[PDB]
Amino acid sequence: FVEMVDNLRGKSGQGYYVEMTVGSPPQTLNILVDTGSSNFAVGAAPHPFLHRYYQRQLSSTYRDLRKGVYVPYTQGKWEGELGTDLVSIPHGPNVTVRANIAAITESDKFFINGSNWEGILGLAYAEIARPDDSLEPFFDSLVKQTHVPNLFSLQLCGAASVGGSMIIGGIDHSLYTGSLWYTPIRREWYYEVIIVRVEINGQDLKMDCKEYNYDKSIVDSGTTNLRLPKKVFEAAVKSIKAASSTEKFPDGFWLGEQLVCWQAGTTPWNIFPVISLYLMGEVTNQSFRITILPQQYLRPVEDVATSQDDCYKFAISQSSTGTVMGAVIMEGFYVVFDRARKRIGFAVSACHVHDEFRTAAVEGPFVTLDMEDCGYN
Ligand SMILES: CC[C@@H](CC(=O)N[C@H]1[C@@H]2C[C@H]3C[C@@H](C2)C[C@@H]1C3)n1c(N)nc2cc(Cl)ccc21
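Within each chain the first residue of the written sequence is number 1 and the count goes on from 1 in that order, possibly differing from the entry; residues lacking coordinates are omitted. As a rule here, side-chain values come from all non-hydrogen atoms in the structure, and water together with hydrogens is ignored.

Judging from the entry metadata, X-ray crystallography is the method by which this structure was determined, and 2.60 Å is the reported resolution.

Printed below as a string of C-alpha cells:
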C-alpha cells in the first residue's frame, strides 16, 4: 500500500485532506477526510475562500438527481444540489466509481479561510447521511462497485503543516508498532464505540461508566479535541488539575477560553498526567486501553500574533453530544475502521510524537465487568 502512504495533508487545526478527482475529464479537489459524517459534499460555486470548486458543466458524466440538501449545525450550515459523477483517488486504489455528490451552493461558517480543502468526505454510515439513509455514502458505493475490501485505516501525524495516511482497503504494517486491539462498533451510524473506564495517571475515576458514553462515544477525524460529556469533563479536569499542582493556572485555560505560555522552549511535560481510556474488547468481560500524552492534549498554537512565546490550548472540552475521540486521541494511534467485521482497531502509531520518559500505548487484555451496561438506551 505504498501507493497510499502519506496521501493526507493539512494545516494545524484545519483538518486532514486527501486529493480526489470528480467528473470527466477529472477535476482535482482537496477533500477533508471526516469519519463523523456520511455525505460526500463539495464547493460548487466560487466562494472567495475556495482555491478550486466543482464545475458540473465541464463533466460529461455528471447526472443531476434533481434534489436539494440542507444541512444546519450549531453555528452555521451547508446547502447543495444532489448528483452523481465518476470519482477516483489518485493516491488511492487504482479504480473509478459512480458516487453521490452534493454540490455545495450556499454555506455559512463551513469553509475555513486560508485552508487548502474544498469539500468533505463523510466516511461514516448511511443512517446519518443527509437528507436520509437512501443516499448511499461514498464508501458504500466504493465497496459495492469494486473489489476493494470493506475497511480503511487512518494514520494522522500532524507536524503549521500536517500529514498522514489513509489506507483504503487495507492495513499497512509499517504504520504501527506492537499489536492492534479492536473495540466493537456498537451501531453503524457514526463510528460508535463504548468507553468502559477512564484513568488519569492511574487513578481511575470511579464513575458510572455510562456517563462515559452519554449519549454516545464516537471516533471522529473531523474534530480536533477530545470531547467529554459535561459530567465526565468535570471529574477529569478536576483530576488533571490535581495532577499538575506543581503549577497553577486560571480557570479559563481549562475551559478553552484562554491559552497558556512558557518562555520559548521551556514546557514541563512531566507535571502533566497521561490519560487512559479503556475500550470494550472483542470478548465478554475483556477490555484494553489506550494511553495518550500531554503532547497530545496540549497543542501548540500557531498564532503567536500578539504573543512571542510557546502558547498551548487545553485540547479537552465538554460536550452535550457525547464523547468525541478527535485528533487528540487519533494522532497517538493507527486506527483501523474494520467496517467488514464491525470493529475499530487501535495500535501505537509509528509517527506519533514521543519523548524520553513516556510513550503513547495500547495495552491488553484487562478484565472489566458489566461493559454492556456502559452504553446508552
Ligand atoms: C459530529 C462532530 C462534528 C465536528 C465538527 O463540527 N467538525 C467541523 C470541522 C470544520 C468544518 C468542516 C468539517 C470539520 C465539518 C465541521 C465543519 N462534525 C463532523 N465530524 N462532521 C461534521 C459535519 C457537519 Cl455539517 C457538522 C458537524 C460535523
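Now that the structure has been shown, we can carry on.
Draft legend 1. Here's a closer look at helix α2 (residues 230-243). An ideal rise of 1.5 Å per residue puts 20 Å on 14 residues; α2 measures up with 20 Å between its terminal C-alpha atoms. The complete set of buried residues in α2 reads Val232, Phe233, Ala236, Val237 and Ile240. Buried residues along α2 cover an arc of 120 degrees about the axis, so they all sit on one side. In α2, the exposed positions angled more than 90 degrees off the buried face are occupied by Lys231, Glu234 and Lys238. Contacts were defined at the residue level, with two residues in contact if any of their heavy atoms lie within 4.5 Å. Each helix corresponds to a stretch of at least 4 residues labelled H or I by DSSP, and each strand to a stretch of at least 2 residues labelled E; elements are numbered beginning at the N terminus. Buried-residue contacts for α2 involve β12 (195-200), β15 (226-229), α3 (251-254), β17 (275-280), β20 (310-314) and β21 (316-319). Helices are assigned an expected span. That span is 1.5 Å times one less than the residue count. Each residue's exposure class comes from its accessible area (1.4 Å probe, protein chains only) as a fraction of the maximum for that residue type: buried when under 20%, exposed when over 50%, partly exposed otherwise. Taken from the helix axis, the directions to the C-beta atoms give the arc we talk about.

Draft legend 2. Examining the domain arrangement of the protein chain more closely. Assigned domains of the protein chain: these are domain 1 (16-148) and domain 2 (149-377). Source of the domain bounds: an automatic or database domain assignment. Between domain 1 and domain 2, the C-alpha centre-to-centre distance is 28 Å. With 19 residues of domain 1 at the contact, the number on the domain 2 side is 26 residues. Salt bridge, as used here, is a side-chain nitrogen of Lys or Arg placed within 4 Å of a carboxyl oxygen of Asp or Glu. Where domain 1 packs against domain 2, one counts two salt bridges.

Draft legend 3. Just the pairing of strand β10 (residues 161-168), in detail. Summarising burial for β10: seven of the eight residues are buried, a large majority. For two strands to be treated as a pair, DSSP must find at least two bridges joining them. Pairing analysis gives four bridges linking strand β1 (residues 8-11) to β10, with the strands arranged antiparallel. Following the sheet pairing, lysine 11 is matched in β10 by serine 161. As defined by bridge partners, strand β9 (residues 152-156) adjoins β10 across five bridges and the pair is classed as antiparallel. Directly across from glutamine 155, in β10, lies its bridge partner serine 165.

Draft legend 4. View of the state of the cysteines. Criterion for a disulfide: a pair of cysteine sulfur atoms at a distance within 2.5 Å. Summed over the entire model, instances satisfying the criterion amount to three disulfides. Disulfide pairing places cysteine 209 opposite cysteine 374 at an S-S distance of 2.0 Å. The S-S bond linking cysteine 209 to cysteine 374 shows a torsion near -100 degrees; that makes this disulfide left-handed. Of the two residues, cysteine 209 is situated in the loop between β13 (203-204) and β14 (217-219) and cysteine 374 in the segment after β25 (361-367); the sequence distance between them amounts to 165 residues. Taken as a pair, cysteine 209 and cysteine 374 share a single burial class, namely buried.

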